[PDB]
Amino acid sequence: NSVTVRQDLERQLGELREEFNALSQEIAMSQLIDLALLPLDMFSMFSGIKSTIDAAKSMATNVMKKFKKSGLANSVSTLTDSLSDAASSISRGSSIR
Amino acid sequence: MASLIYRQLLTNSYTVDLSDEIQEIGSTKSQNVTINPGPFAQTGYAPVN
Amino acid sequence: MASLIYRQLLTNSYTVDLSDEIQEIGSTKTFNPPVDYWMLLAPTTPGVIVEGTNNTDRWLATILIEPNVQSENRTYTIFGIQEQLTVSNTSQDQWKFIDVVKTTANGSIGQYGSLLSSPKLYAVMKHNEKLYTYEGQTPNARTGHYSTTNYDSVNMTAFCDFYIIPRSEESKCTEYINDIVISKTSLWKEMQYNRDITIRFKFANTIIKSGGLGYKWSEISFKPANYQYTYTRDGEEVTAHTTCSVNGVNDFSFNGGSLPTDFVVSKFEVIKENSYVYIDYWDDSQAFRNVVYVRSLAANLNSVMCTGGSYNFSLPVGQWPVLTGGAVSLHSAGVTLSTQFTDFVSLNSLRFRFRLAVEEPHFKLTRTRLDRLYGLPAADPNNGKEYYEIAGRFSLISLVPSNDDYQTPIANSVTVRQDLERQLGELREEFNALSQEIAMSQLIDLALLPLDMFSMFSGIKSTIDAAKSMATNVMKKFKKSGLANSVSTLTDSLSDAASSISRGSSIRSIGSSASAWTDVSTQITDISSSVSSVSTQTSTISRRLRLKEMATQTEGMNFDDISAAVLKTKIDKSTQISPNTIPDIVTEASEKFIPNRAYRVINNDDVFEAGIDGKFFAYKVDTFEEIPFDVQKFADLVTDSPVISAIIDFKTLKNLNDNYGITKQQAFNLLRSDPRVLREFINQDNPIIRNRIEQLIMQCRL
Amino acid sequence: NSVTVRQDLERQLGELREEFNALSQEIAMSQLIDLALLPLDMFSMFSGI
Amino acid sequence: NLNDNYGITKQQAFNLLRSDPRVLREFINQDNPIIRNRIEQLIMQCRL
């Protein structure tokens, strides 16, 4: 029997990037590479975050949504497409050097 | 490390768009919602005249 | 490369079960009907809605009986005649629906058979040369049989619109009792359709009294509505249809007591932040005609702060029970496609779904112990206002089969479905082509980068997203063909061989040692006309290793990597394919390829080669055609070591060694299948290796 | 008062654990080795059922 | 305990990697050595 569920307005991305860099100036090094040689599980990458209420699931699905629209996603897609086009036939025979 | 991480976070675009269609068609197929008043009767003085 | 690619394809079968059960749960889907069908009736008002008879010798219809009514002789025109029906009704919740049993034209009616159902659902049609109608209460769909004269000509006569439904869905009917895609870059063109659209909502409601003094109310609910509107957009007076629908509705029951003076409604419907609204368009513009094949479809819309007005309740004694107020906020989130049948004009349309949110004002019931409700109720939401307008843009990047001629614009849509298509058999020849002019070193390069099915299934540019649940249903369907069953047999044989020290290890045939990788291969096959006994053992060892290993592990580049690379080359240059046409091509390319190719394993300066053609080769670098085969020795040392794919077979390596020279490093990297040296020899001087790779890629026949 | 049900399936899993023990008592000894190089993935380890 | 049976310096090298199935299974299949008892008790200890 509520009027409006208060959607939490989220802090703007530029400030976010600023405290993220301020956090990056705080991390450690040796156990960082100790973390860095261990192939983690896409499971613990998003496991212990927040409130476990259909939301780690939703956030995982949303980050999956947003990843395929990134510059690396279409970059690898077009790299594969270009290689497959070169291997398909003589499509780009010789245009310039 | 991130080889399998950034591998999998990209390979399962099929999972994510299948999840999109799954949740959409599920929303289409949602059923009715009913509440029970609870263990409490409701009455009064009916024949007002 | 593609070893793990086909392994990923086979691994991700855990989605087709869910992505198909959701299809099951979301794809459940006077008018005298013909034979071999079904008929379901959902009456609106309690009374006479549907009748039926063979109008010659035997009359069988069914009449609802209002509860809280004793044995009363009604005055209803049963078959147009006021027949005597004196039946009581002492039930409370589950109603009665009694079959009238009338003999002649002006015949008398006896009482036998009553149908009990709460949600107002019934189904009646003849079955198996006789009238097989559902009987009983809700829990079980028990049917009854009624014999007539001239069975196949009983005239069902309803008074409302109901279901056309066939007979063979008896399971579906009992459970009731209880998209065309051709997408390709070759000859298909996108068009800009960004038309600002305005739509107007409208609501209809279902109110159903309970037979009595008016203090009992049965069903006040929404119901779909449809009006029209004309829009003065860009100087075009465009007419448009629209419909409404609701889902996830909330149920409220305002029960005041038991005695018939109590203002009791058995249930009430009310909309809150769990529901949605769906609409459709029937416009006059070309963009309407161009919604048959949609690439991308997005539409931002304005919000309307819709409200509800005063409502109605007519009670005999006392003042009027006044229900007031209604409020919800409309927020479109999601745009889909649909159809609509209005006057047998059922064609395409588009659907808008909205998110909803309530407002502050209370919605009050007078002289009722209920107040400060939230959510726009279902009594009289239209406030007398004629329409609920929503404005905003609407994007459409739809794509029609434009001809190769750029000067020719396609501006229509031919029919409901294009039902010709093309069969896989003829597709086989156009995949039998395009294998002649592929590449010489570039396809080998494509056989190295992991072609993960994201990059595999991203450049296709299809109009839907069900391509990949299908791309795993393809391996669910190799059960019909010979890969999925082959993997299952491998695993089961190695398992029951790992559990049977009683008879499963001694009753099976011989190999080199106690291994399922040797004896399972040689169990029973037709003997080839001219081969040796050791040749059969080598061939079977070869077949099981070639098929199973291509998806498990290997050294260097494998033949399935070439298969995947050429498969991508064909699909990218296909120029004739449909989204629902690769579900066969990927199958009969992952299987019907690899006809006869050998592998090798190196043993401390000794390697053998054997493939599925009846030929074997025992030879280790440093001049060839050496000491002959040793079947059990090689069998054990290949069971015990990971296998190396022999892209260079005995003849090719002999030719390249004897004719144009070789070095120890190059030979080593060749016969351990190092793709570097293979492609460097290919790219350098057009060797016999090039003939071999070309004839190998034509071996990818179909 | 008719909503108190708490435990489930222990009565079956407990009695079948010893059945799996008893059958695994007589397991093979070499074919376990060559059924270890196999990537018994979900398409396989849930296919011999 | 095995080194009573020689298996030296290359089967030792791979068996110290503990994981070469070729060397392990070749010891398994012919020498009837202690290792079958070791792996049998491995099976019997995951047994309960």
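Positions along each chain are numbered from 1 by the written sequence. They may not match the entry numbering, and residues without coordinates are not shown. All chains are assigned letters beginning with A, and all ligands numbers beginning with 1, in the order in which they are written. What you see is a piece of a larger assembly; the numbers all apply to this piece alone. For side-chain calculations, the full set of non-hydrogen atoms in the structure is used, while hydrogens and water are omitted.

Deposited coordinates in this entry are attributed by the record to cryo-EM, at a stated resolution of 4.4 Å.

Enquirer: Honestly, the overall build of chain B in this entry has me stumped. Any pointers?
Expert: Secondary structure assignment for chain B yields two helices and one strand. Helix and strand definitions here come from DSSP, where helices need a minimum of 4 consecutive H or I residues and strands a minimum of 2 consecutive E residues; each element is numbered from the N-terminal end. Going from the N terminus to the C terminus, chain B shows its helices and strands as α-α-β. Projected onto the principal axes, the alpha-carbon positions of chain B cover approximately 80 × 25 × 15 Å. Across the 49 residues of chain B, 31% fall into the buried class. Computed by Shrake-Rupley with a 1.4 Å probe, the accessible areas treat only the displayed protein chains as cover when residues are assessed. For chain B, the exposed surface amounts to about 3,000 Å²; the carbon and sulfur share of it is 61%. Per-residue accessibility, obtained with a 1.4 Å probe over protein chains only, is compared with the maximum for each type, and a residue is labelled buried under 20%, exposed over 50%, and partly exposed between these values.

Enquirer: It is not clear to me how the arrangement of the chains should be interpreted in this structure. Could you clarify?
Expert: In this description, contact between two residues means that some pair of their heavy atoms is separated by no more than 4.5 Å. Take the six pairs of chains in contact: the one carrying the most contacts is chains B and C. Here chain A and chain D are not in contact; the least distance found between their C-alpha atoms is 17 Å. The two units chain B and chain D never meet; even their closest C-alpha atoms stay 12 Å apart.

Enquirer: Please clarify how the pairing of strand β10 (residues 109–115) of chain C should be interpreted in this entry.
Expert: For a regular strand, the rule is simple: side chains alternate between the two faces of the sheet. Residue and element names in this part refer to chain C. In this sheet, β10 lies alongside strand β9 (residues 96–102) in antiparallel orientation, the contact comprising five bridges. Within β10, the residue paired with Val101 across the bridge is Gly110. Note on pairing: DSSP must find at least two bridges between two strands before they are called paired. Taking the residues that link successive antiparallel strands as the turn, the β9-β10 hairpin has six residues.

Enquirer: Would you mind showing me how to read the pairing of strand β22 (residues 236–241) of chain C here?
Expert: Residues and elements named next belong to chain C. Across six bridges, the pairing between strand β21 (residues 228–233) and β22 is antiparallel. Bridge pairing in β22 places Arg233 opposite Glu236. The loop that links β21 with its antiparallel partner β22 comprises two residues; one of these, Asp234, has a positive phi angle of about 50 degrees.

Enquirer: Sorry if this is basic, but what is going on with the packing of helix α3 (residues 56–67) of chain A against helix α2 (residues 13–28) of chain B here?
Expert: Axes are the key here: two packed helices are described by the angle between their axes and the distance separating the axes. To define axes, lines are fitted to C-alpha atoms, for helices over the stretch in contact only, and angles between the resulting N-to-C directions are given on a 0 to 180 degree scale. α2 of chain B packs onto α3 of chain A with a crossing angle of 120 degrees between their chain directions and a minimal axis gap of 9 Å. Relative to α2 of chain B, the element α3 of chain A lies oblique. Helix-helix and strand crossings are classified by hand; for α3 of chain A and α2 of chain B the assignment is left-handed. Residues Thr61, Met64 and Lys65 of chain A of α3 of chain A form the contact with α2 of chain B, whose own contacting residues are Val16, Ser19 and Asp20 of chain B. Basically, the charged four are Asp, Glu, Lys and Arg, the nonpolar ten are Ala, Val, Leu, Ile, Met, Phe, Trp, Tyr, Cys and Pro, and anything else, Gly included, counts as polar. Looking at the contact of α3 of chain A with α2 of chain B, its residues break down into two nonpolar, two polar and two charged. When describing relative orientation, an angle under 35 degrees is termed roughly parallel and one over 145 degrees roughly antiparallel, while 65 to 115 degrees is termed roughly perpendicular and anything else oblique. Crossing handedness is read from the near helix: turned anticlockwise from the far helix by less than a right angle, it gives a left-handed crossing, and turned clockwise, a right-handed one.

Enquirer: I'm lost on the nonpolar core in this one. Help?
Expert: Residue and element names in this part refer to chain C. In this text, buried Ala, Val, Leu, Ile, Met, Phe, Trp, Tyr and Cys residues form a nonpolar core when linked through side-chain atoms within 4.5 Å. In this structure, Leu443 and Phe608 are the most contacted members of the largest nonpolar core, which totals 77 residues. If you tally residues by element for this core, the top one is helix α12 (residues 559–572), at six residues. Among the nonpolar cores identified, the runner-up in size contains 37 residues, and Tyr281, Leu350, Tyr388 and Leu396 belong to it.

Enquirer: Please clarify how the packing of aromatic side chains should be interpreted in this entry.
Expert: Residues and elements named next belong to chain C. For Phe, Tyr and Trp, where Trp contributes only its six-membered ring, two rings pair if their centres lie within 6.5 Å, and the inter-plane angle classes them as stacked under 30 degrees, edge-to-face over 60, or tilted in between. For the structure on display, the rule yields 26 aromatic pairs over all chains. Pairing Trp38 with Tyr134 gives two aromatic rings, centres 5.1 Å apart and planes at 20 degrees, and the pair type is stacked. Of this pair, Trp38 sits in strand β1 (residues 37–38) while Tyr134 is found in strand β12 (residues 131–134), placing the two residues 96 residues apart along the sequence. The residues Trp38 and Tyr134 share a single accessibility class, namely buried. In this structure an aromatic cluster arises from ring pairing among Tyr227, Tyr229, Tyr231 and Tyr387. Look at NZ for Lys and CZ for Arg. If either is within 6 Å of the ring centre and within 35 degrees of the ring normal, a charge sits over the ring. Taking NZ or CZ as reference, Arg353 lies 4.7 Å from the ring centre of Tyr276, over its face.

Enquirer: Even after reading the chapter, I still don't get the interface of chain C and chain B, so can you show me in this structure?
Expert: Interface size is commonly expressed as the accessible surface area that is lost when the partners come together. Between chain C and chain B, the residue contacts involve 38 residues of the former and 26 residues of the latter. Taking both sides of the interface into account, the surface hidden between chain C and chain B amounts to around 2,800 Å²; carbon and sulfur atoms contribute 57%. Buried area: the sum, over both parts, of the accessible surface (1.4 Å probe) that disappears when the two are put together. Considering only the surface of chain C that becomes buried against chain B, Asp251, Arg369 and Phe454 of chain C emerge as the three largest contributors, covering 18% of it. Basic side-chain nitrogens of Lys or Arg form a salt bridge, by our definition, when they fall within 4 Å of a carboxyl oxygen of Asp or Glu. In this structure, the connection of chain C to chain B is made through one salt bridge. In this structure, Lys468 of chain C engages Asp17 of chain B in a salt bridge whose closest nitrogen and oxygen atoms are separated by 3.5 Å.

Enquirer: Just checking my understanding: could you explain the interface of chain D and chain E for this structure?
Expert: Of the residues lining the interface, ten residues belong to chain D; the matching set on chain E comes to eleven residues. The contact between chain D and chain E buries some 900 Å² in all, and 68% of this surface belongs to carbon and sulfur atoms. The largest share of the area that chain D buries against chain E comes from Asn21, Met29 and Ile33 of chain D, three residues that together contribute 54% of it. The interface formed by chain D and chain E holds zero salt bridges in total. Identification of polar contacts relies on pairs of N or O atoms within 3.5 Å, with a donor-acceptor requirement for protein atoms, meaning one able to donate a hydrogen and the other able to accept it, and with residues adjacent in sequence counted only if both atoms are side-chain atoms. The interface formed by chain D and chain E holds two residue pairs in polar contact in total. Put simply, the parts of the chain that give the side of chain D that touches chain E at least two residues each are α1 (10–24) and α2 (31–34) of chain D. Looking at the side of chain D that touches chain E element by element, the count peaks at three residues for α1 of chain D. Here the residues of the side of chain D that touches chain E sort into seven nonpolar, three polar and no charged.

Enquirer: Teacher, can you tell me more about helix α16 (residues 650–660) of chain C here?
Expert: Residues spaced three or four apart along an α-helix face the same direction, because each turn holds 3.6 residues. Residues of α16 of chain C that are buried include every one of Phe650, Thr652, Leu653 and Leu656 of chain C, and no others. Among the structural elements, β36 (598–602), β37 (607–611), β38 (616–618), α17 (664–671) and α19 (688–698) of chain C are those in contact with the buried residues of α16 of chain C.

Enquirer: Where do I start with the sheet that holds strand β2 (residues 40–41) of chain C in this structure?
Expert: Backbone hydrogen bonds hold the strands of a sheet together, and the pairing may be parallel or antiparallel. A sheet is described by the order of its strands in space; here four strands give the open sequence β2-β11-β12-β13 (chain C), paired in antiparallel fashion. Only two strands of the sheet have a single partner each, and these edge strands are β2 and β13 (143–146) of chain C.

Enquirer: What should I look at first to understand the sheet that holds strand β23 (residues 246–247) of chain C in this one?
Expert: All names here are of chain C. If you walk across this open sheet you meet the four strands as β23-β26-β31-β30, and the pairing is antiparallel. The sheet is open, and its two edges are formed by β23 and β30 (329–340), each paired on a single side. Both β30 and strand β31 (residues 347–357) contribute to a ladder of ten bridges, which runs antiparallel. Residue pairing in the sheet places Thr336 in a bridge with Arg351 of β31.

Enquirer: Please explain the pattern of salt bridges as it appears in this structure.
Expert: A side chain with one charge may pair with a side chain of the opposite charge, provided their charged atoms come close. A complete count under the given rule lists 18 salt bridges over all chains for this structure. Note that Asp20 of chain B and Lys65 of chain A form a salt bridge whose closest N and O atoms lie 2.2 Å from each other. Note that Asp20 of chain B is positioned in helix α2 and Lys65 of chain A in helix α3, a pairing that runs across two chains. With its nearest N and O atoms 3.8 Å apart, the salt bridge here joins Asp519 of chain C to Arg508 of chain C. Here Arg508 of chain C lies in the loop between α9 (484–496) and α10 (516–519) and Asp519 of chain C lies in helix α10, a separation of eleven residues in the sequence.

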